[PDB]
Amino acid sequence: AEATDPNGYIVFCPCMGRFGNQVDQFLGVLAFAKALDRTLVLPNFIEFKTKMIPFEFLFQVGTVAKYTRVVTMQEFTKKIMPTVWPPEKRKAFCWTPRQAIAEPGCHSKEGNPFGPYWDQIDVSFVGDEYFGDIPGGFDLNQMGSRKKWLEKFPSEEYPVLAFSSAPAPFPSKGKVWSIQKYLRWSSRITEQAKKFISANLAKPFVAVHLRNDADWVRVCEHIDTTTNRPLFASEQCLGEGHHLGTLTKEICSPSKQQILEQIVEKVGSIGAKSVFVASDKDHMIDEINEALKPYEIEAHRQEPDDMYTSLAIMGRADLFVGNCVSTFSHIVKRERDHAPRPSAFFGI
């Protein structure tokens, strides 16, 4: 006999993008759950090898609970689902019906990682509900929107709002960035971060995020400086709606020369004794070491490059230099601001 939340629950797939995008929307989902006053089922994060990673393996449940009411996916499946969310009542929630690429619907389980995510917790949907007629959908930005959610999907009939995709803005709104202070790395991640730092990174150290795979270069070469709209996390350095300047290809994709000059500069600025590099592809260790040869310091990376432990290391750095467009860099910026530790971005 489990006593469940009378207001009910939200559960969702963090089904868009890599970890950067997933954390970016997760901040919004926390706000949305708080605003609706429903318990948030903490997601399994998704990694592409498909691997589901429990929230609690990465971040501390105790800490996130200081923002809003939460349960782990483990608690939800074992303790909550059996008494309030039987298989006959499992409905998925999306904006509008869509054509499968099956009747018109959300297609919550079509493709990867959509299907694997829900299959991980033995969930099949027996119907869809739509929220497009609630003004702003999940924004809660508009008058009567919050109440329409309560009106349209009452907890008795709808104890679980299960979302096909994260019910949150992408990219995240400035108002949710500070929620990052409630994402505290797990003990395992923090131990690993500390071990690496003591083993390889003489203090003070500069940590850098480099983004340079072909997919990334393609997005950067599309930038329109005349319209100058946000791209991914670009507002982190340029302000809301870019009121501070123009997003350039130099900012999105700094050249090897631009990277090396700016690293040498930042090392000089703080009298750094080591450099840490995290990258999606080219860590430029050999080129950076060649550049820092006169300072008698070296650059170090993780092998293999553990995404989560690298974020934690960058969070602990004496100085962080990130890529302004990258949501992965945005995790670091927000942690350093709120979890203020000095940060900088390439080309700004």
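Start at 1 and count along the sequence shown; that's the residue number. Between two forms, the rigid core is the largest collection of C-alphas that superpose within 1.5 Å.
Stretch farther from the shown model on average in 4 other deposited structures of this protein, with CA RMS computed after core superposition (222 to 230, 198 to 206): When 222 to 230 and 198 to 206 are compared in 4 other deposited structures of this protein, the bigger C-alpha shift is seen for 222 to 230.
Would you say which of 184 to 192 and 125 to 133 moves more relative to the shown form in 4 other deposited structures of this protein, going by RMS C-alpha distance with the core superposed? Between 184 to 192 and 125 to 133, greater C-alpha deviation in 4 other deposited structures of this protein belongs to 125 to 133.
For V275, does the count of other compared entries lacking it reach at least a third? Other entries vs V275: none skip it.
Among the other entries of this protein that were compared (only those with both neighbours built), does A102 lack coordinates in at least a third? yes, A102 frequently unmodelled elsewhere, at least a third of entries.
When you step from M16 to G17 in this entry, do you jump over none, 1 to 3, 4 to 9, or 10 or more residues of the deposited sequence that have no coordinates? Per the deposited record, the segment joining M16 and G17 has no missing residues.
Deposited but uncoordinated residues in the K49/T50 interval: Just 1 to 3 residues are missing between them.
Going by the B-factors listed in the PDB entry, is the mean over the C-alpha atoms higher for 164 to 172 or for 75 to 83? It is 75 to 83.
Which is higher in the entry, the mean Cα B factor of 275 to 283 or that of 54 to 62? 275 to 283 has the higher mean C-alpha B-factor.
For the C-alpha B-factor as written in the entry, point me to the maximum among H107, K91, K266, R184. Answer for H107, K91, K266, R184: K266, with the highest C-alpha B-factor.
Top residue by Cα temperature factor, when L231, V208, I270, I101 are compared in the entry: Comparing C-alpha B-factors across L231, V208, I270, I101, the maximum falls on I270.
Of the three thirds of its chain by CA temperature factor, lowest, middle or highest, which one includes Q192? Tercile = middle for this residue's CA B-factor.
For the chain shown, is the CA B-factor of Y295 in the lowest, middle or highest third of its modelled residues? For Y295, the deposited C-alpha B-factor lands in the highest third.
Among the chain's modelled residues, which third holds the C-alpha B-factor of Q180? Answer is middle: the recorded C-alpha B-factor places it there.
Quick one: classify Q302 as lowest, middle or highest third of the chain based on its Cα B-factor. It falls in the top third of the chain.
Record-listed C-alpha B factor of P135: chain third: Its C-alpha B-factor, which the entry lists for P135, ranks in the middle third among residues of this chain.
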